[PDB]
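Below you'll find the structure, written out as structure tokens, and then a few comments.
Heavy-atom basis, side chains included; hydrogens, waters and symmetry copies ignored. To find a chain, count down the sequence lines: A is the first, B the second, and so on, and within it residues start at 1. Just follow the structure's listing: the first ligand is 1, and inside any ligand the first atom is 1.
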Amino acid sequence: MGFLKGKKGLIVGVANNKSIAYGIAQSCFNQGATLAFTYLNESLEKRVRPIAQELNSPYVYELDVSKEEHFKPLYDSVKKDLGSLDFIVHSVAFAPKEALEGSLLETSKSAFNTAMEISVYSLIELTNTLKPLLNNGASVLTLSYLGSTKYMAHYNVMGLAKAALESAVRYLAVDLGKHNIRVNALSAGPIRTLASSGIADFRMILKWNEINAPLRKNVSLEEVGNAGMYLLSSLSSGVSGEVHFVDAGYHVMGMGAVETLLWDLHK
Amino acid sequence: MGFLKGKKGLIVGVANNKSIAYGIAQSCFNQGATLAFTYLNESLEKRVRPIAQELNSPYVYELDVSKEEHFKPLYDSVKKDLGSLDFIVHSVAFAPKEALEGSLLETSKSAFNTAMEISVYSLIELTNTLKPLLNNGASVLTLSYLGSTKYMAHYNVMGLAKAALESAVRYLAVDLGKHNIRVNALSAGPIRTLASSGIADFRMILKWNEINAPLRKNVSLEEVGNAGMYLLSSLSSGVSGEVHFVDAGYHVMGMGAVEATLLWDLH
Amino acid sequence: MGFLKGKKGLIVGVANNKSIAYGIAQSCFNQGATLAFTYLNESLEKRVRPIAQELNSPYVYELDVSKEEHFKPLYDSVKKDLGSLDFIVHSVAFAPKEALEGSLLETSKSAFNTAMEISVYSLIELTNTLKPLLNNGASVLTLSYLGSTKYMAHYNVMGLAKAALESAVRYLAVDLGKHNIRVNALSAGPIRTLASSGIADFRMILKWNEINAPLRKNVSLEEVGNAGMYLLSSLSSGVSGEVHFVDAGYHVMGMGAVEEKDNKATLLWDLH
Amino acid sequence: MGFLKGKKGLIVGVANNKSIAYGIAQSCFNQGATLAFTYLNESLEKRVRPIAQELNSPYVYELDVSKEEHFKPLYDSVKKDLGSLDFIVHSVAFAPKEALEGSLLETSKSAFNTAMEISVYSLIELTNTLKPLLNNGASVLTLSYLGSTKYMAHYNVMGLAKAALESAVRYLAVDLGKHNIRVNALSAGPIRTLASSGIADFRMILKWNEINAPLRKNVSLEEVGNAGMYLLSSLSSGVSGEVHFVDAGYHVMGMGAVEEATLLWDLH
Ligand SMILES: NC(=O)c1ccc[n+]([C@@H]2O[C@H](COP(=O)([O-])OP(=O)(O)OC[C@H]3O[C@@H](n4cnc5c(N)ncnc54)[C@H](O)[C@@H]3O)[C@@H](O)[C@H]2O)c1
Ligand SMILES: NC(=O)c1ccc[n+]([C@@H]2O[C@H](COP(=O)([O-])OP(=O)(O)OC[C@H]3O[C@@H](n4cnc5c(N)ncnc54)[C@H](O)[C@@H]3O)[C@@H](O)[C@H]2O)c1
Ligand SMILES: NC(=O)c1ccc[n+]([C@@H]2O[C@H](COP(=O)([O-])OP(=O)(O)OC[C@H]3O[C@@H](n4cnc5c(N)ncnc54)[C@H](O)[C@@H]3O)[C@@H](O)[C@H]2O)c1
Ligand SMILES: NC(=O)c1ccc[n+]([C@@H]2O[C@H](COP(=O)([O-])OP(=O)(O)OC[C@H]3O[C@@H](n4cnc5c(N)ncnc54)[C@H](O)[C@@H]3O)[C@@H](O)[C@H]2O)c1
């Protein structure tokens with residue numbers, strides 16, 4: 001019955017067992033999917049390999065999206081080990097920490113380029129590299145955040161990146177849609193991850209989300225993973241170009257929640 | 001395995017085996033759901049009852065949302081037969097035929113009130129009635145359409161209703177989030193139903209969507225059904241207040257698709 | 001040079017000199033418009049008449065949007081007095097106080113219908129009535145609020161109404177655009193008006209806007225008025241179907257504003 | 001005089017008398033503004049200098065937004081000649097012509113970086129450079145297009161950049177609102193300009209906009225200029241972080257326009 005049985009997917013972005021990419025891969029594996037994984041470097045490879053093993057996969061490849069020379073070997077590895085792809089998970093972003101503190105006006109050009117290149121252009125290069133391998137009905141998923149279309153506290157240049165990323169999803173949905181290939185973004189609420197811990201005062205965002213979200217909770221890793229799996233699976237074959245919020249409902253809020261502000265009850 | 005096993009849901013809006021509510025019920029049934037169904041009147045009861053039997057349900061209750069007298073007996077029936085509810089499908093709209101022709105400027109007050117009462121207020125009354133029966137984690141789903149937020153050919157008052165409906169989803173999400181209850185809308189692309197076939201512009205809107213959608217297809221009933229099942233199941237427990245597009249990607253288009261010549265002109 | 005010089009407009013919704021309809025009327029007058037005004041009943045006429053005179057207008061008519069029988073005489077009055085109309089300001093809404101407290105869940109059916117009829121269908125009926133008087137190039141403006149598309153504390157049924165109202169703006173802009181007639185919505189931040197005062201939830205929403213808005217201020221009546229005059233004047237003749245925020249930037253905010261110090265965030269609300 | 005009398009404004013992006021920046025400048029001048037202008041290179045200075053002069057401006061500075069050595073000179077030139085600024089017009093974009101052909105999937109990394117740097121980061125660098133000269137109540141305006149949030153044919157990386165640009169408008173509005181400074185985007189419908197004419201797809205996008213827009217017309221240069229002038233003036237002092245559509249209503253359409261059950265384009 002598994003909704004990805006016999007389906008083959010590449011997972012780009014696992015860092016540890018907290019990675020959103022890991023939550024999605026786990027839900028996919030529980031639905032019968034055959035998986036491959038990339039790692040950025042040798043230190044992360046020692047985390048990615050045991051994770052890939054718990055999901056029955058020896059297919060682990062190096063990929064620094066900033067290094068163009070890594071893409072043709074990736075294509076060769078996937079083609080040799082999997083033959084073709086039913087889905088890709090693009091779960092990678094980076095902006096230097098100093099660009100996320102302070103203000104947007106204060107962003108350097110190289111911080112701007114790095115954020116755009118790693119968080120946005122990497123989806124274009126990854127999908128173009130792997131496009132010949134994509135089967136009929138395949139699904140490409142990337143990860144985004146409400147900071148793209150609303151101000152969120154000192155997301156700054158990443159908000160610009162995620163806005164361009166969501167636009168990319170719409171143009172790629174059209175480019176690939178004539179090949180019966182879907183492209184979507186999962187917009188997750190804040191969640192504790194390796195990249196999360198690199199943002200100063202991230203716990204304030206997580207706490208503000210928890211108190212003010214309709215469901216009065218932060219989202220779990222498994223909730224993000226299950227939504228990803230849905231978008232990657234044929235259940236969502238009528239869905240493309242979509243930005244899907246998995247955020248405990250936080251996106252509907254136009255102001256702080258009340259009862260007196262819930263935030264003030266929290267004191 | 002079934003993502004609705006042991007879960008009890010009320011299906012409001014089956015008219016025949018082409019109804020959106022039927023597609024959703026069918027997917028929910030295949031995921032192990034215990035279902036109950038309502039019927040508008042005795043004429044529609046003749047088609048709802050065989051569909052309910054097909055989906056293993058002896059629970060068939062009367063509901064004309066315009067008749068307040070039906071709501072408390074519906075409550076009694078559900079509590080006595082099922083005890084509680086884990087999800088509610090609200091798949092009901094109506095506007096006078098003449099209102100969806102011509103222009104919005106010509107809409108009578110009575111036709112405006114009918115569209116709003118049947119298509120929007122009914123969600124409030126249905127949810128408030130059944131709220132004491134809603135289990136922790138329950139999911140309320142309504143059905144909407146892109147004409148709520150963009151102009152669609154002669155949608156008129158129903159675009160006003162659908163806009164109000166999506167706003168109701170947001171406020172209800174906040175209202176019920178307190179109790180870990182989710183409220184969402186599935187925004188389907190055009191699909192041939194009994195109600196949709198009652199519009200003169202439908203064939204052409206259906207054809208416009210087919211040619212110009214990224215996936216170059218109209219959505220299937222099973223595709224709408226599965227996305228609905230997903231929003232009703234715990235797989236989407238991090239999702240609330242969402243307007244979820246199941247429209248073959250059509251929502252992203254800002255103009256006719258091209259190839260420069262319009263794809264429309266080639267056909 | 002007055003951007004509305006020689007243009008004739010009808011202002012629906014003045015209740016006193018704090019009304020959004022008055023701020024808009026005043027900026028229109030200052031841009032040279034010839035104005036007429038409506039009033040809900042004789043009580044409100046006592047305030048509308050001196051305002052009308054203040055803005056150089058002797059054309060003051062009764063209009064309760066819930067009474068169909070008022071609309072043809074309104075059409076006849078305007079036709080007889082002004083001949084034709086270059087703009088309309090629809091600045092009218094109502095919901096029973098009950099409904100703007102507590103949850104949307106407990107909204108009665110009568111309160112829902114009242115809210116929808118007064119706040120939304122009135123724009124359809126008003127525009128349909130006056131439509132044969134509208135000149136080429138005319139501009140129709142209604143007022144909305146962010147509670148249409150985002151949750152705002154206890155706005156409830158009025159959020160549903162404003163959502164449908166913004167949708168009506170899009171449909172009417174298509175219907176009327178064939179005649180070079182424009183239809184827009186001005187979405188204002190909170191501001192104290194007679195109708196604001198009825199909501200017991202309001203001083204807090206105002207203060208939350210003031211603290212958290214990009215410009216760290218509530219909008220003034222003059223700023224709402226000037227934006228409206230813009231949308232009503234030919235300066236905005238390329239603009240139709242728009243929901244235009246005049247709210248000190250509040251609409252962009254995904255969360256409370258913060259003060260940044262030593263790489264650490266403190267919500268401005270918490271310093272407040 | 002008008003709603004910009006005594007107000008000092010920098011206009012970045014005039015290419016000729018068809019430029020959006022020109023139409024906005026012209027409207028601002030008719031409202032009594034003191035104007036100053038930038039040009040890309042000597043070729044473009046040949047048309048910016050006469051235009052600045054018909055708008056009574058002796059202040060004409062070089063600014064290639066890809067050369068950061070130009071930016072403190074610009075700061076110095078402005079500080080000396082005008083002392084301060086009440087508004088800035090950022091009317092600049094570029095992507096390699098190949099990148100607006102075909103598909104987004106074939107976009108090269110250099111093409112992507114050029115588009116992002118010219119079209120987006122330049123707003124950040126220009127505003128940060130000029131921030132100490134901005135007076136209370138100043139207004140910063142940039143230009144966007146519906147391709148940011150909707151698919152438009154072959155708009156490709158410019159869609160990604162305009163999406164990032166509108167996000168930047170929101171963050172800059174928060175950053176600068178502390179000092180009562182406003183930041184907005186004007187989202188114009190298609191209009192024939194020097195940059196736009198060099199796209200194969202444009203004529204058809206114009207004609208599609210004209211047939212299907214609620215107002216059944218394309219927008220004029222003066223309509224875009226007047227809306228820009230409004231956003232730059234005290235008339236809009238309650239408006240910040242806004243994406244303001246000046247497109248004859250086109251943005252509202254969810255499909256082609258029809259008529260009693262036939263597409264207007266088919267009658268065309
Ligand atoms: N609160 C949140 O954590 C949250 C919410 C919204 C969206 N997201 C998005 O989720 C995605 C994954 O992040 P995460 O939160 O799971 O954190 P994470 O740290 O687990 O994952 C980030 C991954 O990006 C990889 N990466 C960085 N630079 C790379 C490069 N040059 N080449 C290859 N890989 C590179 C890292 O190695 C890591 O595997 C991102 O796109 C992120 O913006 C995060
Ligand atoms: N193209 C489409 O068909 C489409 C697209 C988007 C969304 N929708 C929405 O989907 C929902 C279901 O419609 P459908 O297309 O499946 O058509 P349908 O005719 O199969 O179902 C509509 C149902 O509404 C019921 N109904 C009408 N008035 C009622 C009342 N007063 N009380 C109770 N039930 C009442 C009808 O009996 C019928 O069962 C509606 O909200 C519709 O707007 C339809
Ligand atoms: N004040 C705010 O915070 C705010 C914010 C955004 C938008 N709005 C909108 O602005 C508009 C004007 O409200 P306001 O704040 O200026 O308050 P107000 O009380 O000054 O104006 C409301 C007007 O509606 C009129 N009205 C009510 N029922 C009527 C009926 N049946 N027939 C005719 N007229 C009727 C009242 O008599 C009054 O003149 C409303 O549409 C409101 O929703 C207000
Ligand atoms: N023309 C349209 O239909 C349309 C629609 C919406 C928005 N836009 C936006 O309007 C703005 C202005 O474009 P336009 O249509 O007036 O065309 P235009 O060709 O007249 O103006 C483009 C300007 O950008 C300048 N520019 C390019 N690269 C530069 C660089 N490296 N440094 C400095 N200046 C540089 C050009 O020299 C020129 O002055 C752009 O942001 C554009 O994307 C245009």
Side-chain angles (χ1 to χ4, degrees), chain A residues 12-16 18-22 38-41 44 63-67 90-94 118-119 122 142-145 158 162 186-196 202 205-206, chain B residues 12-16 18-22 38-40 44 63-67 90-94 118-119 122 142-145 158 162 165 186-196 202 206, chain C residues 12-16 18-22 38-40 44 63-66 90-94 118-119 122 142-145 158 162 186-196 202 206:
Chain A
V12 182
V14 175
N16 55 36
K18 317 297 204 280
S19 290
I20 282 158
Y22 165 69
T38 70
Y39 55 93
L40 162 72
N41 58 45
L44 293 170
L63 172 67
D64 180 342
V65 301
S66 71
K67 296 205 217 288
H90 175 262
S91 189
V92 294
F94 183 81
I118 299 294
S119 312
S122 65
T142 185
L143 272 298
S144 193
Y145 176 64
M158 278 291 325
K162 292 304 192 172
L186 194 173
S187 193
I191 174 156
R192 275 157 194 120
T193 70
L194 196 52
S196 281
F202 181 77
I205 308 284
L206 195 75
Chain B
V12 181
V14 170
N16 56 35
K18 308 312 205 274
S19 293
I20 282 168
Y22 169 77
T38 70
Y39 53 90
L40 165 75
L44 277 74
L63 184 68
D64 181 337
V65 302
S66 73
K67 293 183 176 189
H90 178 259
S91 189
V92 163
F94 182 75
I118 301 320
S119 313
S122 63
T142 197
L143 275 297
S144 191
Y145 177 59
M158 189 56 61
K162 286 315 179 171
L165 182 67
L186 190 173
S187 178
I191 177 160
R192 297 185 206 71
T193 62
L194 184 85
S196 81
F202 186 71
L206 197 81
Chain C
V12 181
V14 169
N16 61 32
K18 307 315 185 95
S19 287
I20 285 166
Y22 169 76
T38 65
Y39 58 86
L40 162 69
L44 276 150
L63 176 61
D64 180 340
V65 307
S66 76
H90 169 262
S91 183
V92 162
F94 180 77
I118 307 286
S119 303
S122 64
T142 190
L143 274 295
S144 197
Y145 178 58
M158 190 61 57
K162 291 316 186 173
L186 195 173
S187 183
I191 177 167
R192 194 186 190 273
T193 61
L194 161 58
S196 286
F202 184 78
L206 198 71

Closest contact, heavy atoms only, C:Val92 versus C:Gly13: CG2-CA, 3.8 Å
Main-chain N/O of B:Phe94 paired to B:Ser119 side chain as donor or acceptor, under 3.5 Å: yes
Counterpart residues, ring pair (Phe, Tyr, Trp, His ring centres under 6.0 Å), relative to A:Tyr22 (two or more places apart): none
List of N/O pairs, ligand 2 versus protein, all under 3.5 Å?
residue, atom, partner, partner atom, Å
ligand 2, 1 (N), B:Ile191, N, 2.8
ligand 2, 1 (N), B:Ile191, O, 3.2
ligand 2, 3 (O), B:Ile191, O, 2.9
ligand 2, 3 (O), B:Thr193, OG1, 3.4
ligand 2, 15 (O), B:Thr193, OG1, 2.7
ligand 2, 16 (O), B:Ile20, N, 2.9
ligand 2, 17 (O), B:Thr193, OG1, 3.1
ligand 2, 19 (O), B:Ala195, N, 3.0
ligand 2, 20 (O), B:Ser19, OG, 2.6
ligand 2, 31 (N), B:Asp64, OD1, 3.0
ligand 2, 32 (N), B:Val65, N, 2.9
ligand 2, 39 (O), B:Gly13, O, 2.9
ligand 2, 39 (O), B:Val14, O, 3.4
ligand 2, 41 (O), B:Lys162, NZ, 2.8
ligand 2, 43 (O), B:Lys162, NZ, 3.1

Main-chain N/O of A:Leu186 paired with A:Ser144 side-chain donor or acceptor, under 3.5 Å: no
Shortest non-hydrogen contact from A:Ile191 toward A:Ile20: CG2-CD1, 3.9 Å
Least distance between heavy atoms, B:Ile118 atom then B:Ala93 atom: CG2-C, 4.0 Å
